[PDB]
Amino acid sequence: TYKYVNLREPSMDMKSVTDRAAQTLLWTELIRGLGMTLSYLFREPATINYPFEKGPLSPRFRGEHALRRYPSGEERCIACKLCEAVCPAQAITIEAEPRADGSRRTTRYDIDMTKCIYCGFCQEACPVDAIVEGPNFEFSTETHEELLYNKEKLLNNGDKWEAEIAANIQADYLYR
Amino acid sequence: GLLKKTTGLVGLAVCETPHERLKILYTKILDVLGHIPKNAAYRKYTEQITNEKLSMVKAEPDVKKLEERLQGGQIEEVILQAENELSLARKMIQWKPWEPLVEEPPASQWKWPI
Amino acid sequence: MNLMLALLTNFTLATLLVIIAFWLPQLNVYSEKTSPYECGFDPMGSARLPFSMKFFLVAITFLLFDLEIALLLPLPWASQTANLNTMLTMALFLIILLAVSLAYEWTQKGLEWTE
Amino acid sequence: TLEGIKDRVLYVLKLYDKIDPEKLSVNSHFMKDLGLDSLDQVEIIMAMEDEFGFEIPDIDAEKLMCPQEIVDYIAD
Amino acid sequence: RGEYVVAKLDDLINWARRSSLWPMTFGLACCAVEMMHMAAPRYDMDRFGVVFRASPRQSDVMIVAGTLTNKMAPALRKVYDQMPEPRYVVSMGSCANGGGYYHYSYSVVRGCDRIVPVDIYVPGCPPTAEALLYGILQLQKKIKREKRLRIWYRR
Amino acid sequence: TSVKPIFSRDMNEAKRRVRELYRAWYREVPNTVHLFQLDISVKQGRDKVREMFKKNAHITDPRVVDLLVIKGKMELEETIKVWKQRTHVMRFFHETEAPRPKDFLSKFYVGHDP
Amino acid sequence: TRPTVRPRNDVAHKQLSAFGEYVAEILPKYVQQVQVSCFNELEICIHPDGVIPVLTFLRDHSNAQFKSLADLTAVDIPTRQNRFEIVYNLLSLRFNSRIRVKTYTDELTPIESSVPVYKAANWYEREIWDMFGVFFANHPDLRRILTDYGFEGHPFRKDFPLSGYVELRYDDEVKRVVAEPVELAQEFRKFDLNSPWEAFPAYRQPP
Amino acid sequence: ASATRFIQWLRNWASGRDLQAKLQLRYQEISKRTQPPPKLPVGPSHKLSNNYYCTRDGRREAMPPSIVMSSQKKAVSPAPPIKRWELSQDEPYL
Ligand SMILES: CCCCCCCCCCCCCCCCCC(=O)OC[C@H](COP(=O)([O-])OCC[N+](C)(C)C)OC(=O)CCCCCCCCCCCCCCCCC
Ligand SMILES: CCCCCCCCCCCCCCCCCC(=O)OC[C@H](COP(=O)(O)OCCN)OC(=O)CCCCCCCCCCCCCCCCC
Ligand SMILES: CCCCCCCCCCCCO[C@@H]1O[C@H](CO)[C@@H](O[C@H]2O[C@H](CO)[C@@H](O)[C@H](O)[C@H]2O)[C@H](O)[C@H]1O
Ligand SMILES: CCCCCCCCCCCCO[C@@H]1O[C@H](CO)[C@@H](O[C@H]2O[C@H](CO)[C@@H](O)[C@H](O)[C@H]2O)[C@H](O)[C@H]1O
Ligand code: SF4
Ligand code: SF4
Ligand code: SF4
């Protein structure tokens, strides 16, 4: 099915022709447009008072990355490199070796945050919920180098943000 | 039947005499098809479909009922298609695609995967 | 003297603001900064090349019509005459001939810009 | 001006830097004698087009390998 | 005391400059859509004194909002040079920051900081409109900290 | 070895197109320097044009020559119409590339590249 | 109708097969192969001499009427002596059908320009020339369209490196953008992903 | 929502619409930002029997293309001619 958007013949009777003359001479349709912007002048604006008010977000929001721990304090990451393999941007770099207690753990875990496309594939791929995208989005820097995260930065992010991250994961893990 | 005010397609003018125009065009196509070899598939198939369309034009004096039988859209669309077919027929006389394959491809030209 | 003083003050004030604008800020002049603007790419050809005027005929007609208003502007004063029979006839004659001149240029397609 | 055209053509060939004026003669050959290559020859021909204000198509230009051969060509 | 006077004059010129940042109407790719949403009613950048102006002559900030290709790089440098000073550059999104998804491409500049100096990097692909606003307010605070007249006094 | 030509039937016809391109570039250098406000002389510009033709002097396939000429005309048109910027015109002179000595010992000192 | 399996459509498969041999009967001079995929897409593989005759026929024939050139592209297969496969994707509004016409060429063989048949082909052929270096004869205006001015090479060839050969930066000394040999702070990390176990027996090549 | 009666009337009149019924600012009709946990269903392949993968393997049913002609009677069209569209009965003319 279809419909015509612009296929109508105006009525040629005297009243209609005089209605159109009044519209032409007295600018009625232009006055109507003025009414619409006038009604908006008296509406409450949609603006929010950032940074005192914030735009709404959901638990799924993909923001700054963080490396997580188990409740014991042990790192979740066991250097499987699934996140590094799946990363569409090749933004992740990993090195690993046996730890002094024999654990399988990373010695390098870098995310180039200027390569990263913030897609969330790494947190989908992780089998232990070690790497996540947290809810922070206010981490703009003054230099490029400050966005090349190494493992120390990412662990600090996890320690800094874990209280919110764990509550967000709790809200959404049954959808995953 | 009452004349069409518009074909609905920008730039396609309404035809006042579609039956006569279609008869002229199909007759031309059949004429041009006579200089193509009798066994050339293009002539046999285009003659068959051209004669079907021409038969429908002769047997139906109403445009709207003719458009239904032709199944080619507005009658002005059928006329345009008839003109396109005539232009192609003249060109195929100079191309002669009914001749044998000019050249085989190399051994693995169409092999996929490699 | 009041009029001359008012004009001098207005243009003196504007000139002073331009002097401040040029001698107050810190400048850093170099070639690429002062090059002509064309959306990030170098211009092709000089901006002094001829720029065809498609309304050239309306522009010439403006000169003739612009002079008609000089003939019509005295109309408020002419209305103070005792000879109102002549003045009204001549006043309407001038406006009508201006309207006829506009109608001619309109019908002969003189108000349409060259393609 | 056949006498003069020998002079303008020799003046241009003199100006063209790569050619040593001591080795230059009205019969000197650009490739074999004056030690030039095809592109040099093409360069010389464009110098001729300038001072004589007329075009030498490449079909014509390919045969002009000596200063005299240029002279014979300008005559027409 | 000159120190006191120059300190107060620094606050004034800094306040005037950060309170009236006019970004160049300049956007490159998808990051430019989030920049449109910062101008849209929810965030209303104009309420901070931040107003787009098309001419580089009348702009204080270049927001590099999108991928910078090799073909586009000379034009970006051109319009940055044509900005009068002081001028600032905000790098928005992964592409502008360091190449992003297209870092390894033959046709992409790996970060706009190879072409122009950058004052603020806004991370994200794209950064949310709020993230960009955070970056603009971060630029404002950087301008607030400038010490142009205090350093001149001690030259 | 029967192949479809591009433009030239043989090297004799191709070298004619080469000379035509060289003339067009040779005449164009004076305008390029003037229009782009380059800080090089017409002599350097024409020496660079000459150096670009010379690197390809060893070709003997007419089809390859034709494609080189096609690219040469495309390059010339980009320059004449100021589609190129000054940065593009100057990329032929590699003014920022440091010298890379081409003798065995010099390479040996700097690295493993042969 | 197993829930996870895409259902077959044999009616479309039959119709496209019949039309495939219809085209082969009419243009035997140029048609080298006709095939229909298991998801009902018809491909005509032709000699490159037949680009204009074949495309004209599919556009203008009353039983074809492929008025729209949906897409024109190329594929590079270095192992073939004619490494470039030229692919035309056409749409027929009259018959609500699509068709693919494929031909080939090498680095040095021109292909006739199809702009006379489809005005849409203009920019598509410029893109193919730019990204693959295939020359199209009688093109009204053949030149790069996507690459940078003066760019050397054809990036979509399989032997062109991903990051190319040159990169750009701003140089303060010459006060302009310059091009220099490419160096990467982090080299792109090649992954060897293919499993050494065959996946699809139905496609096994004979040994 | 806090607009006085007079202002509500003013903008209602100027716009020519009853704007209070379809406000573009959201209030209490939106979903709560905390929700009860979900319990998502499983798909048709979650069975303990009669579920051999070979019987539901779409990828292994794909076949190479059917070679119709290679160089190793009525005329046909690619498909039946398209049926002419009907005018809408919801609103044929805008
Ligand atoms: C509608 C009318 C509005 C008009 C508003 C007028 C502005 C009102 C606010 C005035 C604030 C004080 C001006 C400070 C801005 C100076 C520009 C700047 O930032 O430069 C940084 C420079 C910093 O210089 P620098 O030495 O540190 O380093 C710059 C050089 N390089 C790049 C190599 C590093 O400051 C100065 O050089 C001098 C500061 C002087 C402050 C006193 C201002 C005196 C102005 C008189 C100048 C004499 C010419 C006469 C001009 C007309 C006089 C009114
Ligand atoms: C006793 C006998 C008495 C004898 C005297 C009787 C005289 C009265 C009767 C004569 C008619 C009176 C009205 C004349 C007003 C001028 C009319 C006019 O020129 O407007 C028509 C003009 C036509 O343009 P268009 O519609 O595009 O089509 C024309 C086809 N050629 O269209 C336009 O001009 C449109 C203008 C577009 C720009 C408008 C932008 C502003 C709109 C809001 C303005 C609201 C009005 C504000 C007025 C404030 C005044 C302080
Ligand atoms: C292309 C050429 C077009 C030419 C157009 C010429 C239009 C002329 C139209 C007639 C206009 C004047 O019409 C005439 O106006 C004068 C006033 O001025 C009137 O005069 C009347 O009032 C005046 C005072 O105002 C008295 O002095 C006078 O005794 C009385 O008759 C006439 O009653 C009226 O007939
Ligand atoms: C004494 C003052 C009061 C009297 C008014 C004086 C001005 C009179 C102007 C009369 C103009 C008549 O002649 C004018 O010529 C053109 C032909 O190009 C006509 O027709 C053309 O112009 C109009 C509007 O531009 C178009 O809608 C129309 O499609 C086009 O054919 C105009 O519809 C007609 O108005
Ligand atoms: S969010 Fe995507 S691009 Fe960023 S590190 Fe994770 S997988 Fe890589
Ligand atoms: S973060 Fe997760 S996916 Fe990445 S290496 Fe560690 S355990 Fe593996
Ligand atoms: S950073 Fe992301 S959103 Fe921004 S231009 Fe690049 S791909 Fe698009």
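When a ligand or atom number is given, it counts from 1 through the structure's own listing order. All chains are named by letter (A, B, ...) in the order of the sequence lines, taking the proteins before the strands, and each is independently numbered beginning at 1. Only this structure's heavy atoms are used, side chains among them; waters, hydrogens and symmetry mates stay out.
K78(E) and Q85(F) form no side-chain donor-acceptor contact under 3.5 Å, judged by distance and modelled atom types alone. Using modelled atom types, one finds a donor on one side chain and an acceptor on the other under 3.5 Å when comparing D113(E) with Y121(E).
Here atom 7 (S) of ligand 7 lies nearest to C125(E) when heavy atoms of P127(E), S91(E), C125(E) are compared.
Given atom 8 (Fe) of ligand 7, the protein heavy atom at minimum distance is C30(E) SG, 2.3 Å. In this structure, the protein non-hydrogen atom closest to atom 4 (Fe) of ligand 7 is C31(E) SG, 2.3 Å.
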Step-by-step side chain to side chain donor-acceptor pair (under 3.5 Å) determination, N157(A) to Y149(A) | CA-CA 10 Å; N157(A) 278 358; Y149(A) 288 9; 4.6 Å; no
Evaluate the criterion ring pair (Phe, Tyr, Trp, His ring centres under 6.0 Å) for residue pair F139(A) and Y134(E); output intermediate values, then yes/no.
-> CA-CA 9 Å; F139(A) 58 110; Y134(E) 181 86; 8.8 Å; no
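Each of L82(A), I111(A), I131(A) was compared with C122(A) under the side-chain contact (heavy atoms from CB on, under 4.5 Å) criterion, and only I131(A) meets it.
The distance cut-off of 2.8 Å around atom 6 (Fe) of ligand 5 captures these protein N, O or S atoms, sorted by chain and number: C122(A) SG.
A salt bridge does not link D44(E) with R47(E): every distance from a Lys NZ or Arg NE/NH1/NH2 to an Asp or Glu carboxylate oxygen is 4.0 Å or more. A salt bridge links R69(A) with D159(A); the closest basic N to acidic carboxylate O contact falls under 4.0 Å. Under a 4.0 Å N-O distance rule, the pair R91(F)/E152(G) does not qualify as a salt bridge.
Residue contacts with ligand 7 do not include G100(E), since none of its heavy atoms lies under 4.0 Å from the ligand.
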What side-chain donor-acceptor pairs closer than 3.5 Å can you find for residues 95-105 of chain C, not counting sequence neighbours?
{"unit_1": "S101(C)", "atom_1": "OG", "unit_2": "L98(C)", "atom_2": "O", "d": "2.8"}
{"unit_1": "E105(C)", "atom_1": "OE1", "unit_2": "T61(C)", "atom_2": "OG1", "d": "2.6"}
{"unit_1": "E105(C)", "atom_1": "OE2", "unit_2": "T61(C)", "atom_2": "OG1", "d": "2.7"}

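Coordination check, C95(E) versus atom 6 (Fe) of ligand 7: passed, since an N/O/S atom of the residue sits under 2.8 Å.
A 4.5 Å side-chain heavy-atom check between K54(A) and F137(A) finds at least one atom pair inside the cut-off. Counting only heavy atoms from C-beta outward, the side chains of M38(E) and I136(E) approach each other to under 4.5 Å.
Interface of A29(E) with ligand 7, defined as ligand atoms under 4.0 Å from a residue heavy atom, comprises 5 (S). Listed by number with element, the atoms of ligand 7 under 4.0 Å from a non-hydrogen atom of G66(E) are 5 (S). Every atom of ligand 7 with a heavy atom of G93(E) under 4.0 Å away is listed here by number and element: 1 (S).
By the 30° and 60° cut-offs, the orientation of the rings of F151(G) relative to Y106(E) is tilted.
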What are the distances between nitrogen or oxygen atoms of ligand 3 and protein nitrogen or oxygen atoms, counting only those under 3.5 Å?
{"unit_1": "ligand 3", "atom_1": "18 (O)", "unit_2": "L84(C)", "atom_2": "O", "d": "2.8"}
{"unit_1": "ligand 3", "atom_1": "20 (O)", "unit_2": "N85(C)", "atom_2": "OD1", "d": "2.5"}

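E112(C) is linked by a side chain to side chain contact (heavy atoms under 4.5 Å, CB included) to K109(C), counting only residues two or more places apart in sequence or in another chain.
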